[PDB]
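Below are the chains, spelled out letter by letter.
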Amino acid sequence: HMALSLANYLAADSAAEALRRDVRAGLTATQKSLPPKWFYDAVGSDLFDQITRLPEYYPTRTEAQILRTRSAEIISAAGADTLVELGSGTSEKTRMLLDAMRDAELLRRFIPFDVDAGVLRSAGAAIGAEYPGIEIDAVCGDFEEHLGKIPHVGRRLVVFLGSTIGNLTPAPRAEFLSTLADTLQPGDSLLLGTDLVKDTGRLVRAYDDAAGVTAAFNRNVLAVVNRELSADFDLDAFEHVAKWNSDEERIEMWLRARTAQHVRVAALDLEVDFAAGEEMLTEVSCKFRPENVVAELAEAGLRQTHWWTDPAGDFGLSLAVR
Ligand SMILES: O=C(O)[C@H](Cc1c[nH+]c[nH]1)[NH+]1CCCC1
C-alpha cells in the first residue's frame, strides 16, 4: 500500500530552465536538434508505451523473452538481495527479476530510480502489494546526474534495460558507464540491455512503423515545446524520418519541414526559420556489436561475467562487475 521512502532531487524550476536552455541552443544551431529527454511528458510516455507493443518494434519483447527464459540464471549469478532499477519499475521485466529473487529467497529490497515522482509512488504501491515485507526506497533523479544518490544498502543488482544506454552518444555514454561503475561495491552487479546491429531494413522499420505511432511520438516533442515555451510549431508541417547511419551504426530520428516554416518561441523571445526540406535531429539510437559491448564495459572499469542473447542475435544482456 503506502509504505515508502522517497528522496527527490528534481525541481520543476530546474527542469523548466533546462528545457529553455536546450531548446534555445538546439534551435539556433545551424544543424537544428532537440534532446530526446523531452519526448517523455505524459502524452509522450503513453506513446512510447504503445511503441513497445508495435509489431515492428522488436526490442522490448525480445529483451523480455531473454529475461523470461534466463531470469533464474541472472539472479543466481548476481546473488543480489536488492534490485536497483534505473527506470520506472512498471514493466513485466521488473517482476520477472523480482519473482526470481523471491524464488531464490534473496529478495529484501527494491530501489526504483526515475524522473517522475508520481510513477515511483505508483510502483511502490504495486510492488509493495505484490511482495509484502519488501523494503522500497525510491529515488527521484536524473540517471546522468544523481547516481551518487542511490543507497549502497545491501548487495545490489543495478539494472539498465531497453537499450536506454543506446540513446546516449559515445562521450556521454562512456561518462555514464564510468560514473555508474564508480558507485558499485564488491558484490554489486550491473545488468545492461543493448540492442544489436542487424538487418538495416528491420532497424529502420522499428523506428518508422506502418501505423505512424513513432511519427506521432517524434512530432510530440514539438507539442511539448509549443505548450511549455509558447511556440507555434505546425506539427502537420513536419515529416517523420528514420535513418540508418552506417558510419556510427545508429538509428536517427529526424523531423523534416515539408515547406518553409517560421517558428516563434515566445517564452525565449526567439524566432527561427526552417527551409523547405530542412531536417532537425531529435534522437539517436545506437546499435551495438557484442565484442564492443565488452570493450565499452571494460573501459568503464567493468568486467562482463555473463552474456545472454536471443537465438536470432537481435538483442543482448550483459552482467558486469568491478
Ligand atoms: O531507442 C529506443 O529504442 C527507445 C526510444 C525510441 C523508441 N522508438 C523511437 N525512439 N529508447 C527509449 C528508452 C529505451 C530505448
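Cut-off values and rules
- Residues numbered from 1 in each chain as written, not as in the entry; some residues may be left out.
- Heavy atoms only, no water.
- Residues with missing side-chain atoms left out of burial classes, pairs and counts.
- Pairing = 2+ DSSP bridges.
- Helix = DSSP H or I, 4+ residues; strand = E, 2+ residues; numbered from the N terminus.
- Axes fitted to C-alpha atoms, helices over the stretch in contact; angles between N-to-C directions.
- Expected span 1.5 Å × (residues − 1).
- Contact = heavy atoms within 4.5 Å.
- Near = heavy atom within 4 Å.
- Polar contact = N/O pair within 3.5 Å; in protein donor to acceptor, adjacent residues only side chain to side chain.
- Areas by Shrake-Rupley, 256 points an atom, 1.4 Å probe, with all protein chains shown as cover.
- Nonpolar A, V, L, I, M, F, W, Y, C, P; charged D, E, K, R; others polar.
- Domains from an automatic or database assignment.
- Parallel < 35°, antiparallel > 145°, perpendicular 65-115°, else oblique.
- Buried < 20%, exposed > 50% of the residue type's maximum accessible area, 1.4 Å probe, protein only.

As annotated in the PDB entry, the protein carries the name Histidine N-alpha-methyltransferase and comes from Mycobacterium smegmatis. The record for the entry shows the title "Ergothioneine-biosynthetic methyltransferase EgtD in complex with pyrrolidinohistidine".

Undergrad: How would you sum up the sheet that holds strand β8 (residues 250-257)? Please name residues and give values.
TA: Taken in spatial order, the 3 strands of this open sheet run β7-β8-β11, and their pairing is antiparallel. Each edge of the open sheet carries a strand with a single partner, namely β7 (238-245) and β11 (279-286). Averaged over neighbouring strand pairs, the angle between their axes works out to 20 degrees when direction is ignored. In this sheet, β8 lies alongside β7 in antiparallel orientation, the contact comprising 8 bridges. If you follow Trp-244 over to β8, its bridge partner there is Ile-251.

Undergrad: Give me helix α4 (residues 92-103): which residues, what numbers.
TA: For α4, which comprises 12 residues, the first-to-last C-alpha distance of 16 Å matches the rise-based estimate of 16 Å (1.5 Å per residue) to within 8%. In the core, the buried residues of α4 are packed alongside α3 (59-78), β2 (82-86), β3 (109-114), α5 (117-130), β5 (156-160) and β6 (189-195). Backbone geometry just downstream of α4 places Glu-105 in the positive-phi region, at approximately 55 degrees.

Undergrad: So what about the site of the ligand? Which residues, and what values?
TA: Among the 13 residues in the neighbourhood of the ligand, the closest are listed as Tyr-57, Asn-167, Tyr-207, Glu-283 and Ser-285. A distance of 2.7 Å separates an oxygen atom of the ligand from a polar side-chain atom of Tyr-207. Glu-283 is positioned such that a nitrogen or oxygen atom in its side chain is 2.6 Å from a nitrogen atom of the ligand. Protein coverage of the free-state accessible area of the ligand, which is 370 Å², stands at 93%. Put simply, the parts of the chain that give the shell around the ligand at least two residues each are α2 (42-51) and β11. Broken down by class, the residue content of the shell around the ligand amounts to 7 nonpolar, 5 polar and 1 charged. Domain assignment of the residues forming the shell around the ligand places at least three in each of domain 1 (1-12 + 58-198 + 288-322) and domain 2 (13-57 + 199-287).

Undergrad: Can you lay out the packing of α3 against α4 for me, pointing to particular residues and giving the numbers?
TA: Contact geometry for α3 and α4: axes closest at 9 Å, N-to-C directions at 10 degrees. Taken together, the axes of α3 and α4 lie roughly parallel to each other. Between α3 and α4, the residues in contact are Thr-60, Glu-63, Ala-64, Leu-67, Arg-68, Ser-71, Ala-72, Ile-74 and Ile-75 and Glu-92, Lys-93, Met-96, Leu-97, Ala-100 and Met-101, respectively. Broken down by class, the residue content of the contact of α3 with α4 amounts to 9 nonpolar, 2 polar and 4 charged.

Undergrad: Report on the side chain of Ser-318, specifying residues and quantitative values.
TA: For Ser-318, the position within the fold is in strand β13 (residues 315-321). A relative accessible area of 1% places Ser-318 in the buried class. A polar contact of 3.0 Å, which involves the side chain of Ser-318, links it to the side chain of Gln-304.

Undergrad: Residues and numbers for the sheet that holds β2, please.
TA: The strand order β1-β4-β3-β2-β5-β6-β13-β12 describes an open sheet built from 8 strands, whose pairing is mixed. Here the strands that pair on one side only, and so sit at the sheet edges, are β1 (5-8) and β12 (303-309). The mean inter-strand angle of the sheet, taken between neighbouring strand axes irrespective of direction, is 15 degrees. Strand direction decides the pairing type here: β5 and β6, joined by 4 bridges, are parallel. Paired with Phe-160 across the bridge in β6 is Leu-192. The strands touched by α3 are β5, β6, β12 and β13; relative to β13, the strand with the most contacts, the crossing angle is about 30 degrees. Across the sheet, α4 touches β2, β3, β5 and β6, and the angle it forms with β2 is around 170 degrees.

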